[PDB]
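Engineer: opening piece of the complex, as it sits:
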Amino acid sequence: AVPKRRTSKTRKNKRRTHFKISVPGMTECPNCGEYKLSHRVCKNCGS
Amino acid sequence: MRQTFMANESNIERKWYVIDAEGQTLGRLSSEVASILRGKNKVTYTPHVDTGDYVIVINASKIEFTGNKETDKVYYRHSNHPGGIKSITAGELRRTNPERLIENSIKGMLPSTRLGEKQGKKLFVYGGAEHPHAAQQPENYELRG
């Protein structure tokens, strides 16, 4: 129930290979000079 | 340190040979093939590069063995499972898939290194049918020391 040995800087950086965030949809507004969320609306993004 | 020629890439040339196992005794025809595959018959042989040529058999269904080893000498195999001992094939496995018989025998006299595994991929054995490598112009070795 307790780590027998300590992890290195190579085995610790290998586990953080999938630990990341994905990019958003960024549905560019038709004509308003803003940015609306995918299938959403904003006070600046007209479309 | 001094003067000792060391063979490397783009300096060595490999050829193609064709041996026939019509009246051979497996083991005796296997040790003579391993040496050619390792390239221990050249004056420029180095133990850190892949030196040698390819060998091709055309009669793996004519191999014979003296003694009562045709009924004995069973081949075992495991599958990493509780009681996975596989010994279906014995000494009479020269009638069903005899290409593996010679393949294993010649692969059991080579080094188990990273270069010894790629040196065993230069051998093509055929039950009795002719080889389709006619565009390689293979030389007929046949005669063995």
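Structural biologist: Sure, I can see it. Numbers count the residues shown, from 1 in each chain, chains lettered A, B, ... in the order given.
Engineer: show me what contacts residue 46?
Structural biologist: Going with chain A. Applying C-beta atoms under 8 Å, 6 or more residues apart in numbering or on different chains to residue A:46 gives the contacts A:29, A:30, A:31, A:32, A:34. In this view, the C-beta of every residue, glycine as well, is placed from N, C-alpha and C.
Engineer: switch to chain B, that's the one I care about
Structural biologist: Each residue near residue B:46 by C-beta under 8 Å, 6+ apart is listed here: B:6, B:7, B:8.
Engineer: which of these has the most neighbours?
Structural biologist: Most neighbours among the contacts of residue B:46, by other C-beta atoms under 10 Å in any protein chain shown: residue B:7, with 16 neighbours.
Engineer: tell me the buried residues in the longest helix along chain B?
Structural biologist: For chain B, the longest helix by residue count, based on DSSP state H, is helix B:27-38. The neighbour-count criterion (16 or more other C-beta atoms under 10 Å in any protein chain shown) identifies B:29, B:30, B:33, B:34, B:36, B:37, B:38 as the buried residues of helix B:27-38.
Engineer: add one more, call it chain C:
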Amino acid sequence: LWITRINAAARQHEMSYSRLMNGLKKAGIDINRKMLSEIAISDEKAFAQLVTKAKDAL
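Structural biologist: Placed with the earlier chains, chain C looks like this:
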């Protein structure tokens, strides 16, 4: 290494390393194994003549 190279360049003239060496010492010849192999890889003609000298010395 040298021994293995000299043994492969001595079987081409229907001879054996053990025999070749035995006859090479009976003809009174002082040569290193590193030099013999160096000659076999280079001027083959020279090596060919050497074999004949150690072949009639048996």
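Engineer: please look at the contacts of residue B:46 again, because chain C has been put in.
Structural biologist: Per C-beta under 8 Å, 6+ apart, neighbours of residue B:46: B:6, B:7, B:8.
Engineer: apart from its neighbours in sequence, what residue is nearest the first one?
Structural biologist: Spatial nearest neighbour of residue B:6, excluding adjacent residues (C-beta to C-beta, 6 or more residues apart in numbering or on different chains): residue B:46 at 5.8 Å.
Engineer: what of residue A:25?
Structural biologist: Excluding the flanking residues, the one nearest residue A:25 by C-beta to C-beta, 6+ apart is residue A:38, at 3.3 Å.
Engineer: the one you found - how many residues pack around it?
Structural biologist: Close neighbours of residue A:38, defined as other C-beta under 10 Å, add up to 8.
Engineer: touching, it and residue A:27? I think so.
Structural biologist: Yes: Residue A:38 is within contact range of residue A:27, at 4.9 Å (criterion: C-beta atoms under 8 Å).
Engineer: wait, residue B:20 sits on residue B:58?
Structural biologist: Yes: Residue B:20 is within contact range of residue B:58, at 5.9 Å (criterion: C-beta under 8 Å).
Engineer: following sequence is RNA strand D, add it:
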RNA sequence: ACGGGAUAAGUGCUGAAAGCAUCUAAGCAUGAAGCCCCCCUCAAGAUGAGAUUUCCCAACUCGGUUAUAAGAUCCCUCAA
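Structural biologist: Okay, here's RNA strand D dropped in alongside the others:
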């Protein structure tokens, strides 16, 4: 619970050491819930990367950078 291919203890045949006689020295047909095959599921990362039918095809100049095409996704309404 079936149907094959071999076989083990037994059983005889051919036929002996050693002239007559043993199933062994060569061969032989038999021969078991055992062993291969047949039934069912997963299987080319089988780096030995297999096969079959259909669809797609470029300007630069081949440093390859720019790129689009078949297709794939991001996003949204859902459940066998």
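Engineer: RNA strand D added, so what about the contacts of residue B:46 now?
Structural biologist: B:6, B:7, B:8.
Engineer: columns distance to RNA strand D on top of those residues, output as JSON lines?
Structural biologist: Below are the contacts of residue B:46 laid out as JSON lines (distance: C-beta to the nearest atom of the strand, whole Å):
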{"residue": "B:6", "distance to RNA strand D": "27"}
{"residue": "B:7", "distance to RNA strand D": "24"}
{"residue": "B:8", "distance to RNA strand D": "23"}
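Engineer: redo the residues you listed as a markdown table? Include distance to residue C:21 and secondary structure.
Structural biologist: Conversion of the contacts of residue B:46 to a markdown table gives the following (distance: C-beta to C-beta, whole Å; DSSP: H, G, I helix; E, B strand; the rest coil):
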| residue | distance to residue C:21 | secondary structure |
| --- | --- | --- |
| B:6 | 24 | coil |
| B:7 | 24 | coil |
| B:8 | 29 | coil |
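Engineer: would a markdown table of those with distance to residue A:21 be doable?
Structural biologist: Shown next, in a markdown table, are the contacts of residue B:46 (distance: C-beta to C-beta, whole Å):
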| residue | distance to residue A:21 |
| --- | --- |
| B:6 | 53 |
| B:7 | 53 |
| B:8 | 49 |
